[PDB]
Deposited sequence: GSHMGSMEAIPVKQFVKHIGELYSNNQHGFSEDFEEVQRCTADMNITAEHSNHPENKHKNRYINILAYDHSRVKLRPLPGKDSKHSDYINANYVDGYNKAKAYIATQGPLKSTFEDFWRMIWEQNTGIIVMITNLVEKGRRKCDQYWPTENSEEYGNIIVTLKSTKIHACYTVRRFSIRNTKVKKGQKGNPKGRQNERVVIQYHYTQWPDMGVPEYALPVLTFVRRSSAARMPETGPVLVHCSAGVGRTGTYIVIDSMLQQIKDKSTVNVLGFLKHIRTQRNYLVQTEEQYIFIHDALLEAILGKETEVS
């Protein structure tokens, strides 16, 4: 399970695709099994006091990597369904989290302030195929207040496949009290499966990743559950970094690693293949 030289990676992808994607299936089954001999606790996710804070009953936040909110003058006011996840050669490069619920909007933005997050990556529409995937946690226009955080929409650019919203947020309890937060929102996403072409997503990953500023908190990445598309983004971004640093790729090894940090990151075999397509586009595009 060593790294694959980048110059051999597209050849590797041909082999994985062959025979009705046998190789991809083997890789992904190995991913799903790599948890087998591991008990990873999620006690806080399962506490009765926190259950209404989880969008999905089966999508939990592992204790050891969970993001903790500073306590409030409830013993469980520290909980949010979110985990630190490593990036390439960097611990806790991301926070992967669910699309926030109306009831967790205050927690959501409090986390963003406390963690010094400056980039939000949103990889879902609020509604897909007539189904609620995420609640709108930002102001349609001007300002909105979420607890002690006031969020102000400054500018929006709407590209073909994604939208960039520039916010300024303020903490009303701080007297240094304002920060820029940029949201990268991928908008062109099929209700079922993954986008037919990887290039639009590659472009989105490159630009949202390049927006990361030295030196700030982890980039917040969410979709609906915050595992499938979220894991897909994290692997693509991280492997682009590895390619740039060492001209090698290790999709399988890196994914088995982050799977210990949030459950189900990269949730389907189709997303696993899509990661490869995106990296293929990057390699061939050069």
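In this entry, the deposited residues absent from the coordinate set span 1-6, 80-82, 185-194, 306-310.
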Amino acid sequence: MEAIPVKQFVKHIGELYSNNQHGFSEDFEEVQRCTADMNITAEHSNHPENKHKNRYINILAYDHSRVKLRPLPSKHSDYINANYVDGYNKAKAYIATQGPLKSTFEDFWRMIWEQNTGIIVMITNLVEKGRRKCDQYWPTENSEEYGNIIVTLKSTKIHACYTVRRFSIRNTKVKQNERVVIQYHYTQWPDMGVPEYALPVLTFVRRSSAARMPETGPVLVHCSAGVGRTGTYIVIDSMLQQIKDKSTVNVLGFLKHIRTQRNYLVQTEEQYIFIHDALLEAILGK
From here on, numbers count along this sequence of modelled residues.
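The term rigid core refers to the most C-alpha atoms you can superpose between the two forms while keeping them within 1.5 Å.
Between 187-195 and 203-211, the larger mean CA deviation from the shown form in 8 other deposited structures of this protein, after core superposition, belongs to 187-195. Stretch comparison, 34-42 versus 52-60: after rigid core superposition, larger RMS CA deviation in 8 other deposited structures of this protein is found for 34-42. Per the records, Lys175 is among the residues left out by at least a third of the other compared entries, whereas the shown structure includes it. Relative to its counterpart among 56-64 and 33-41, 33-41 has the higher mean temperature factor, C-alpha atoms as listed in the PDB entry. A summary of the deposited B-factors shows that, of 276-284 and 4-12, the stretch with the larger mean C-alpha value is 4-12. Looking at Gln261, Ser224, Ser238, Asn50, the one whose CA carries the top B-factor in the deposited record is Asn50. Across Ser208, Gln98, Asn83, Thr216, the greatest Cα temperature factor reported in the deposited entry is at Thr216. In the deposited entry, the Cα temperature factor of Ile123 sits in the bottom third of values across the chain's modelled residues. When all modelled residues of the chain are sorted by CA temperature factor, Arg110 is found within the middle third.
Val194: CA B factor lies in the middle third for its chain, per the PDB record. Per the PDB record, residue ranking by Cα B-factor puts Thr203 in the lowest third of the chain. Annotation for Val180: C-alpha temperature factor in the highest third relative to the rest of the modelled chain, per the entry.
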